[PDB]
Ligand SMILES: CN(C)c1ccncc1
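Next up: just one chain, as structure tokens, the form solved without N,N-dimethylpyridin-4-amine.
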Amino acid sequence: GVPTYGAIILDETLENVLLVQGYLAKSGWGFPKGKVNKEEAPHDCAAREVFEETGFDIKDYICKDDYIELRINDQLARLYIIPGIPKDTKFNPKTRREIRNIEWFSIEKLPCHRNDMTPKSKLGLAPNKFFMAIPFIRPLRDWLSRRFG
């Protein structure tokens, strides 16, 4: 699995996080991130992917130790945590061919799991447009509690 890098951008209240909506298999909402290039350092890949997807440069804000990393299906995803970005920042992807929309979401309102279908006695999970973000939500809330209060 080629590792991916990106960011969790939060506003100044720490309430809201910046998600991006793709197309097709990436049609839902997720954190801005993408695959590392040959010989590219993690921090540079995170900044490149975030600038390509949001038009916002995190380079001067990345902290080396402040990230959440998950291994999903034997692919590693690491999102640098970037707090205090004002909600009135103008975000604009580099190309609309990959990114449909960019929005702030309330962290407390986001799901941290998908819903089963126990009502229908059917196995599996109900669709959720936050599926790409979900795995990071509980680890984020725990990280924020520890590092802030």
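When you see a residue number, it is the position in the sequence shown, counting from 1. Here the rigid core means the biggest group of C-alpha atoms that line up within 1.5 Å when the two forms are laid on top of each other.
**Student:** Going by root mean square C-alpha distance after a core fit, say whether 42 to 50 or 88 to 96 is farther from the shown form in 9 other deposited structures of this protein.
**Tutor:** Clearly, after the core fit, the stretch farther away in 9 other deposited structures of this protein is 88 to 96.
**Student:** For the C-alpha atoms alone, is the average B factor greater in 115 to 123 or in 28 to 36, going by the entry?
**Tutor:** The recorded data point to 115 to 123.
**Student:** What stretch has the higher average Cα B-factor here, 47 to 55 or 90 to 98?
**Tutor:** The deposited B-factors put 90 to 98 ahead on the C-alpha mean.
**Student:** Going by the entry, which third of its chain does the Cα temperature factor of residue 41 land in?
**Tutor:** Its C-alpha B-factor belongs to the highest third of this chain's values.
In what follows, reference is made to the form solved in complex with N,N-dimethylpyridin-4-amine, a form of this protein that is not presented.
**Student:** Although the partner isn't part of this model, could you tell me whether residue 107 comes within 4.5 Å of N,N-dimethylpyridin-4-amine in the deposited complex, counting any heavy atom of the residue?
**Tutor:** Although N,N-dimethylpyridin-4-amine is absent here, residue 107 would stay clear of it in the deposited complex, with no heavy atoms inside 4.5 Å.
**Student:** Do residue 42 and N,N-dimethylpyridin-4-amine come within 4.5 Å of each other in the deposited complex, heavy atoms counted?
**Tutor:** Contact with N,N-dimethylpyridin-4-amine, no.
**Student:** Is residue 102 close enough to N,N-dimethylpyridin-4-amine in the deposited complex to count, meaning some heavy atom within 4.5 Å?
**Tutor:** Looking in the deposited complex, residue contacts with N,N-dimethylpyridin-4-amine include residue 102, since a heavy atom lies within 4.5 Å.
**Student:** So in the deposited complex, is N,N-dimethylpyridin-4-amine close enough to residue 83 to count as touching (4.5 Å, heavy atoms)?
**Tutor:** Contact with N,N-dimethylpyridin-4-amine, no.
**Student:** Using the arrangement in the deposited complex, list in sequence order the residues of 90 to 106 with any heavy atom within 4.5 angstroms of N,N-dimethylpyridin-4-amine.
**Tutor:** Heavy-atom contacts within 4.5 Å come from 90, 91, 92, 93, 101, 102.
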